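Beneath this line is the structure, given in structure tokens, with notes to follow.
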Amino acid sequence: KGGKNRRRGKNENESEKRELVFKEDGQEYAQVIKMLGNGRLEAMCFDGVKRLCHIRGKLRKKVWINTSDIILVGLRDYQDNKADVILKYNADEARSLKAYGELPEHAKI
Amino acid sequence: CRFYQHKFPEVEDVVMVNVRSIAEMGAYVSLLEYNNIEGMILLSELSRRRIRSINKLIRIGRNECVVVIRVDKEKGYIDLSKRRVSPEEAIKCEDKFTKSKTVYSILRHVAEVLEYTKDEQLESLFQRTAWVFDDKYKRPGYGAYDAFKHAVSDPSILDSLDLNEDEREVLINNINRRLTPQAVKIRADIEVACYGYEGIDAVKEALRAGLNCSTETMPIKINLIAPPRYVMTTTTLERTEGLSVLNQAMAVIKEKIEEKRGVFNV
Amino acid sequence: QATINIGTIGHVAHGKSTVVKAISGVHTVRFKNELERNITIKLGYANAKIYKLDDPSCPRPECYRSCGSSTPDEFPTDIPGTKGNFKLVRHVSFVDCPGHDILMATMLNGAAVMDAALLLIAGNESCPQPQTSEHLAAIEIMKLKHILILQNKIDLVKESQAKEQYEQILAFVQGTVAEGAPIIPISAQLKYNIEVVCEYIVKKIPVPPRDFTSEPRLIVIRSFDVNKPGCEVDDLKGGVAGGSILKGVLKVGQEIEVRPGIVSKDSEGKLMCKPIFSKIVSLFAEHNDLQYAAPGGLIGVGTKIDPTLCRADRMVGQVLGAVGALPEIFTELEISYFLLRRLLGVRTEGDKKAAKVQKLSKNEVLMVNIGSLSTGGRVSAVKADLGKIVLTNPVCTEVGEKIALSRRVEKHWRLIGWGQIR
RNA sequence: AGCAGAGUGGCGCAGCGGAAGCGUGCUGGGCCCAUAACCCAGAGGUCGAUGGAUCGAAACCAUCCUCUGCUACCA
């Protein structure tokens, strides 16, 4: 935002930086395809399978996930088409992961 | 020095200025349409509409056309206004501004050699020469440029009143260099559609007769742009003497070609 | 000059410039250059000199060896001999006709003044290909049979496909002369077997008997780009006709008459036409000066006509006779005729379409290609072996010879039949 | 080839007889709690060659070349 107010009643902040789970079992890296409204959003997984991603509590209006960029997504235990967002990263964090050679080397930022 | 026939402007005349400062109450400006005398513009009489910006209107280092609203003759306060200005006046004033600049540059060569240690030198040259050139032809809309332009093309104008020295060469050079090359927009319009085979030699007789009553050795400019079209730029004067050369010559080519077979364009 | 006119006709997509430059050494070219949407669709012109080192192969100027430039994939080289000057056998002339079907009427016209042909077949498309048959049939009607089939585009076409194609063409044309015409497969991407073509064209195609003593007739097919350069205008010292002469030695300074004429002012009927008379300025063929213009050759006759008649291609199929030629200038004409029982020049992979065309009905406009002329005319009387046609622009009929008759099947005219003037 | 335009000083268009002209963009500042709108501030520099007048020439005027626009042919 551009300053304003009423934005201090509540817990500043910030990311004192930090670090770094993965993947886990059904809990992996994806890239934002589109940017729907209402709340949900689209995101193609890095493996090759598409899926539709869903936001998670807290991260609601506490973290904006602009279009295009890596993001951490849990897969639903039983559901294929819909999947559940976790834990986003940083663009710097995503290029460090790419340099390490753990996610596939296909997408640009 | 003065660029104009009168030293001081009148009332309701169109003039030019050059902005040298921007005032709170308008604009205090120097003239370059007369002496470097001071004239004051006022904020109220610049436009009839709002004004958001202010440097996207008037700013320093701009020629601006304006009307002299009032003048104090004794004091030397030239009240000024930009409220009544039309683009037609701008064309008329830009011409007079530009023409005075070139005429005063001609009347600067005179001062390069003569005694000019004092600023009033050019003023002495200006009053005595300029006035008798322009006053005689101001009522018909001519400037002192007309008088000089007439002298280069027929020299009796500058020999009718005091002729200067060394001036004459530079005067001739600058008149003949800048106001030429000098020009004919004469182009013939000729159309032909022959069934002849003797047309090739027929056209040659017709081409060489573009101007009647001239020598066989007259140089002309032949041009072929397309097969039926024969353009002859005839003898190059000013295009007010070669009118008969243009008109009657067109009849020759179209007539000469009809006699040798068939119908043609007239 | 020239001794024979060999034509280079051939259906779409075989490449014209590669083959034409190998035979003549003179590019086929015309308006809009640019280049060519595909293969030349204009009536190209070219001449050439054919010499021997006492070998059936034809040298270049540099007769030690010849390294092509058709493709940089490989180097195609051929050896005509070794050097010490070569003996001139003759001067040949070509007639590059249009290779596209719509241009059929023009292909007919240009073809009708040749003394032999080269059927350029392409192996890419259908085996009993429409245009091959169209060409062949027209050739046997006009009065020629001096044909050398040339398989011009089989560079990447496999040997089964190319074999099947020559078989099907030669089997369809079982009633048209083609059994005494050789079939020379060549490369057009490596210019190979070109040397053997030189042996063929001197064998199958000698100079046919030409009548020098008989009165000059020149048939103009192509206009001239004269003039408009410099220095000294306007219009020109005049206008050049690309024509072949099929009868008589036309000499320099002779007067020549163009005989279809120009129609008299304020005509209320279809008569009267008046021939135009022009004196011959120059008799140019190849790049060598001449004082004569022997028959059997395509020659540029500069004549004293003025620019407007040559400013565009407007002298296509005009008959020129020296001078005050006896040939009649009909405006309405008595055709004897016969029709084909198939529609010629069209046939595709699937029966659709090409069968028997219905009988002609009066007051329909049909292209009568008479001589090298191409006029349009309407049929006023229609009996089976006697139709009367009225022509828009008059036709000089040199002799009663042949005609080719086409009907507007769809977008353009297509060949339906032939016959003889009565 | 006839006619027309141009031969950057960020972009694009190229303005006139006073050395970036116009429109736009980028970058920064100002206003505002903030954004938009609005207001200001920029930037190594014969602007294809050969010449003349000139205090000076993309621009005042010529002689040449090249690229394109419209028209259009020599080849």
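Letters A, B, ... mark the chains of the structure tokens in the order given; residue numbers begin at 1 per chain; ligand numbers begin at 1, in order shown.
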Can you check which parts of chain D lie within 10 Å of chain C? Per residue, the shortest pair of atoms and distance in Å to one decimal, counting only C-alpha atoms (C1' of nucleotides), sorted by chain and number, as a tab-separated table.
```
residue	atom	partner	partner_atom	distance
D:1	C1'	C:229	CA	8.5
D:73	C1'	C:228	CA	7.5
D:74	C1'	C:229	CA	6.1
```
Would you output that residue set with C-alpha atoms (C1' of nucleotides), as a PDB file, in the first residue's frame?
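In the end it all went to out-v5.pdb:
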```
ATOM      1  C1'   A D   1      13.136   6.853 -64.098  1.00  0.00           C
ATOM      2  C1'   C D  73      10.584   1.835 -67.367  1.00  0.00           C
ATOM      3  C1'   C D  74      15.211   1.444 -68.983  1.00  0.00           C
TER       4        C D  74
END
```
Can you list every residue of chain D that has an atom at most 12 Å from chain A, with its nearest atom pair and the distance in Å to one decimal, using only C-alpha atoms (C1' of nucleotides), ordered by chain then number, as CSV?
```
residue,atom,partner,partner_atom,distance
D:32,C1',A:2,CA,10.3
D:33,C1',A:4,CA,4.2
D:34,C1',A:2,CA,3.8
D:35,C1',A:2,CA,7.0
```
Chain A: residues DSSP assigns to alpha helix (DSSP H), reported as a PyMOL selection string: chain A and resi 59-62+91-100
Hey, can you check how far CA of residue 231 (chain B) sits from CA of residue 189 (chain B)?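 CA of residue 189 (chain B) lies at a distance of 6.1 Å from CA of residue 231 (chain B).
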Report as a Markdown table: every residue of chain B with an atom at most 7 Å from chain D, its closest pair of atoms, and their distance in Å to one decimal, counting only C-alpha atoms (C1' of nucleotides), with rows sorted by chain and ascending residue number.
```
| residue | atom | partner | partner_atom | distance |
| --- | --- | --- | --- | --- |
| B:173 | CA | D:53 | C1' | 6.9 |
| B:174 | CA | D:53 | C1' | 6.0 |
| B:177 | CA | D:53 | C1' | 5.7 |
| B:178 | CA | D:61 | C1' | 6.2 |
| B:225 | CA | D:2 | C1' | 5.7 |
```
For the residues in that selection, give me N, CA, C and O atoms as a CSV table (one decimal), in the first residue's frame.
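selection-v8.csv, written as the output of this step:
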```csv
chain,number,residue,atom,x,y,z
B,173,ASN,N,25.4,40.6,-54.4
B,173,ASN,CA,25.6,39.2,-54.1
B,173,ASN,C,24.6,38.7,-53.1
B,173,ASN,O,24.0,37.6,-53.4
B,174,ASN,N,24.2,39.4,-52.1
B,174,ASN,CA,23.2,39.0,-51.2
B,174,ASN,C,21.8,38.9,-51.7
B,174,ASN,O,21.0,38.0,-51.3
B,177,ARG,N,22.1,35.9,-54.4
B,177,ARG,CA,22.2,34.7,-53.8
B,177,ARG,C,21.0,34.1,-53.1
B,177,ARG,O,20.7,33.0,-53.1
B,178,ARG,N,20.3,35.0,-52.3
B,178,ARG,CA,19.2,34.6,-51.4
B,178,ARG,C,17.9,34.6,-52.1
B,178,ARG,O,17.0,33.9,-51.7
B,225,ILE,N,8.4,12.3,-70.1
B,225,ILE,CA,8.0,11.6,-68.9
B,225,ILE,C,7.2,10.3,-69.2
B,225,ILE,O,7.3,9.4,-68.4
```
Skipping near chain neighbours, those fewer than 3 positions away, what residues fall within 9 Å of region 88-101 of chain A using only C-alpha atoms (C1' of nucleotides), listed as a PDB file with C-alpha atoms, in the first residue's frame?
```pdb
ATOM      1  CA  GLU A  19      14.154 -21.151   5.131  1.00  0.00           C
ATOM      2  CA  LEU A  20      13.428 -23.928   3.562  1.00  0.00           C
ATOM      3  CA  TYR A  29       6.337 -26.821  -6.222  1.00  0.00           C
ATOM      4  CA  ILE A  65       0.628 -13.940  -4.677  1.00  0.00           C
ATOM      5  CA  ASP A  69       6.015 -17.278  -9.876  1.00  0.00           C
ATOM      6  CA  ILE A  70       6.861 -20.441  -7.944  1.00  0.00           C
ATOM      7  CA  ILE A  71       4.661 -21.507  -5.045  1.00  0.00           C
ATOM      8  CA  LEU A  72       4.396 -24.507  -2.657  1.00  0.00           C
ATOM      9  CA  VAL A  73       1.210 -26.636  -3.166  1.00  0.00           C
ATOM     10  CA  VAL A  85      -1.715 -24.054  -1.713  1.00  0.00           C
ATOM     11  CA  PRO A 104      12.956 -28.598 -12.971  1.00  0.00           C
ATOM     12  CA  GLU A 105      14.943 -25.980 -15.033  1.00  0.00           C
ATOM     13  CA  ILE A 109      10.706 -15.208 -13.813  1.00  0.00           C
TER      14      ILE A 109
END
```
Return the neighbours of chain C among the residues of chain B, cut-off 9 Å, counting only C-alpha atoms, as a short mmCIF file (atom, residue, chain, number, x, y, z; two decimals) with N, CA and C atoms, in the first residue's frame.
```
data_model
loop_
_atom_site.label_atom_id
_atom_site.label_comp_id
_atom_site.auth_asym_id
_atom_site.auth_seq_id
_atom_site.Cartn_x
_atom_site.Cartn_y
_atom_site.Cartn_z
N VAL B 192 -0.73 13.31 -77.46
CA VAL B 192 -0.66 12.88 -78.84
C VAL B 192 -0.96 11.39 -78.85
N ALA B 193 -1.66 10.88 -79.88
CA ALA B 193 -1.91 9.46 -80.01
C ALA B 193 -1.84 9.08 -81.51
N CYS B 194 -0.62 9.14 -82.11
CA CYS B 194 -0.38 8.93 -83.54
C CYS B 194 -0.57 7.50 -84.07
N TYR B 195 -1.05 7.43 -85.32
CA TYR B 195 -1.07 6.23 -86.15
C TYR B 195 0.02 6.32 -87.22
N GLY B 196 0.87 7.35 -87.14
CA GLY B 196 1.97 7.64 -88.03
C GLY B 196 3.21 6.85 -87.76
N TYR B 197 4.06 6.72 -88.79
CA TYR B 197 5.40 6.17 -88.64
C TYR B 197 6.44 7.25 -88.88
N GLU B 198 6.00 8.39 -89.46
CA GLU B 198 6.79 9.57 -89.73
C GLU B 198 6.67 10.54 -88.58
N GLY B 199 6.12 10.04 -87.45
CA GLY B 199 5.90 10.81 -86.24
C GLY B 199 7.18 11.16 -85.54
N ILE B 200 8.21 10.31 -85.63
CA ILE B 200 9.50 10.53 -84.99
C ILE B 200 10.21 11.79 -85.46
N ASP B 201 10.25 12.04 -86.79
CA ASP B 201 10.78 13.26 -87.36
C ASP B 201 9.83 14.43 -87.28
N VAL B 203 7.73 15.13 -84.75
CA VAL B 203 7.90 15.65 -83.42
C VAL B 203 9.14 16.54 -83.32
N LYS B 204 10.27 16.19 -83.98
CA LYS B 204 11.49 16.99 -83.94
C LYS B 204 11.35 18.42 -84.45
N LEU B 207 9.16 20.18 -81.72
CA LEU B 207 9.93 20.47 -80.52
C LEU B 207 10.78 21.73 -80.64
N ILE B 222 13.98 20.08 -72.79
CA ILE B 222 13.10 19.00 -73.20
C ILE B 222 13.00 17.97 -72.09
N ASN B 223 11.79 17.41 -71.87
CA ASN B 223 11.59 16.36 -70.91
C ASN B 223 10.60 15.37 -71.50
N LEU B 224 10.92 14.06 -71.40
CA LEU B 224 10.03 13.00 -71.77
C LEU B 224 9.73 12.24 -70.50
N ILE B 225 8.45 12.25 -70.08
CA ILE B 225 8.00 11.60 -68.86
C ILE B 225 7.23 10.33 -69.19
N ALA B 226 6.54 10.28 -70.34
CA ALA B 226 5.72 9.16 -70.71
C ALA B 226 5.60 9.22 -72.23
N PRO B 227 5.19 8.17 -72.94
CA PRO B 227 5.07 8.19 -74.40
C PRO B 227 4.13 9.23 -75.01
N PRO B 228 2.95 9.63 -74.53
CA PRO B 228 2.13 10.60 -75.26
C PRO B 228 2.44 12.00 -74.79
N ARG B 229 3.04 12.13 -73.59
CA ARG B 229 3.24 13.38 -72.91
C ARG B 229 4.58 13.99 -73.26
N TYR B 230 4.56 15.24 -73.77
CA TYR B 230 5.78 15.91 -74.17
C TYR B 230 5.88 17.18 -73.37
N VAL B 231 6.80 17.21 -72.39
CA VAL B 231 6.94 18.35 -71.52
C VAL B 231 8.11 19.16 -72.00
#
```
Could you give me, as an MDAnalysis selection string, each residue of region 4-169 of chain B that DSSP assigns to strand (DSSP E or B) when run on this structure's backbone? chainID B and resid 14:19 26:31 38:42 45 47 63:72 77:81
Mind pulling up the distance from CA of residue 31 (chain C) to CA of residue 259 (chain C)?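 Computing it gives 27.1 Å between the two atoms.
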Residue 28 (chain D) environment, 12 Å, only C-alpha atoms (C1' of nucleotides), sequence neighbours closer than 2 positions dropped, as a PDB file with C-alpha atoms (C1' of nucleotides), in the first residue's frame:
```
ATOM      1  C1'   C D  26      11.525   6.504 -19.988  1.00  0.00           C
ATOM      2  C1'   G D  30       6.372  17.851  -6.238  1.00  0.00           C
ATOM      3  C1'   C D  40       7.850  20.497 -12.628  1.00  0.00           C
ATOM      4  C1'   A D  41      13.005  18.601 -13.967  1.00  0.00           C
ATOM      5  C1'   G D  42      16.369  15.818 -17.705  1.00  0.00           C
TER       6        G D  42
END
```
Between CA of residue 238 (chain B) and CA of residue 130 (chain B), what distance in Å does the model show, to one decimal? 27.3 Å
Residues at most 12 Å from residue 49 (chain D), counting only C-alpha atoms (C1' of nucleotides), excluding those fewer than 2 positions away in the same chain, as a PyMOL selection string? chain D and resi 7+51+63-66
Selection above as a file: N, CA and C atoms (P, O5', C5', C4', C3', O3' and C1' of nucleotides), as a PDB file, in the first residue's frame:
```
ATOM      1  P     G D   7      16.768  14.859 -42.042  1.00  0.00           P
ATOM      2  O5'   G D   7      17.832  13.715 -42.309  1.00  0.00           O
ATOM      3  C5'   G D   7      17.869  12.563 -41.461  1.00  0.00           C
ATOM      4  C4'   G D   7      18.868  11.525 -41.993  1.00  0.00           C
ATOM      5  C3'   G D   7      20.306  12.001 -42.221  1.00  0.00           C
ATOM      6  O3'   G D   7      21.041  12.045 -41.001  1.00  0.00           O
ATOM      7  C1'   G D   7      19.575  10.852 -44.160  1.00  0.00           C
ATOM      8  P     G D  51      34.763  20.811 -51.047  1.00  0.00           P
ATOM      9  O5'   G D  51      33.777  21.769 -51.832  1.00  0.00           O
ATOM     10  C5'   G D  51      33.362  22.991 -51.212  1.00  0.00           C
ATOM     11  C4'   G D  51      32.468  23.757 -52.186  1.00  0.00           C
ATOM     12  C3'   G D  51      32.019  25.141 -51.721  1.00  0.00           C
ATOM     13  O3'   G D  51      33.064  26.105 -51.919  1.00  0.00           O
ATOM     14  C1'   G D  51      30.159  23.972 -52.555  1.00  0.00           C
ATOM     15  P     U D  63      20.701  21.970 -57.950  1.00  0.00           P
ATOM     16  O5'   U D  63      22.169  21.409 -58.117  1.00  0.00           O
ATOM     17  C5'   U D  63      23.049  21.976 -59.094  1.00  0.00           C
ATOM     18  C4'   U D  63      24.468  21.431 -58.892  1.00  0.00           C
ATOM     19  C3'   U D  63      24.602  19.903 -58.884  1.00  0.00           C
ATOM     20  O3'   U D  63      24.695  19.429 -60.227  1.00  0.00           O
ATOM     21  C1'   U D  63      25.673  20.753 -56.985  1.00  0.00           C
ATOM     22  P     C D  64      24.134  17.993 -60.580  1.00  0.00           P
ATOM     23  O5'   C D  64      24.961  17.082 -59.592  1.00  0.00           O
ATOM     24  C5'   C D  64      24.377  15.867 -59.118  1.00  0.00           C
ATOM     25  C4'   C D  64      25.438  15.088 -58.346  1.00  0.00           C
ATOM     26  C3'   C D  64      24.934  13.774 -57.749  1.00  0.00           C
ATOM     27  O3'   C D  64      24.964  12.723 -58.720  1.00  0.00           O
ATOM     28  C1'   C D  64      25.991  15.001 -56.069  1.00  0.00           C
ATOM     29  P     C D  65      23.782  11.661 -58.732  1.00  0.00           P
ATOM     30  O5'   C D  65      24.052  10.784 -57.445  1.00  0.00           O
ATOM     31  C5'   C D  65      25.277  10.058 -57.308  1.00  0.00           C
ATOM     32  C4'   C D  65      25.358   9.430 -55.914  1.00  0.00           C
ATOM     33  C3'   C D  65      24.159   8.577 -55.474  1.00  0.00           C
ATOM     34  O3'   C D  65      24.225   7.277 -56.080  1.00  0.00           O
ATOM     35  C1'   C D  65      24.734  10.028 -53.719  1.00  0.00           C
ATOM     36  P     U D  66      22.855   6.496 -56.304  1.00  0.00           P
ATOM     37  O5'   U D  66      22.349   6.106 -54.852  1.00  0.00           O
ATOM     38  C5'   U D  66      23.157   5.234 -54.048  1.00  0.00           C
ATOM     39  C4'   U D  66      22.587   5.130 -52.629  1.00  0.00           C
ATOM     40  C3'   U D  66      21.097   4.807 -52.495  1.00  0.00           C
ATOM     41  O3'   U D  66      20.873   3.404 -52.679  1.00  0.00           O
ATOM     42  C1'   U D  66      21.611   6.598 -51.075  1.00  0.00           C
TER      43        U D  66
END
```
Using only C-alpha atoms, pick whichever of C:103, C:201, C:403, C:190 has the shortest atom-to-atom distance to residue 150 (chain C). C:201
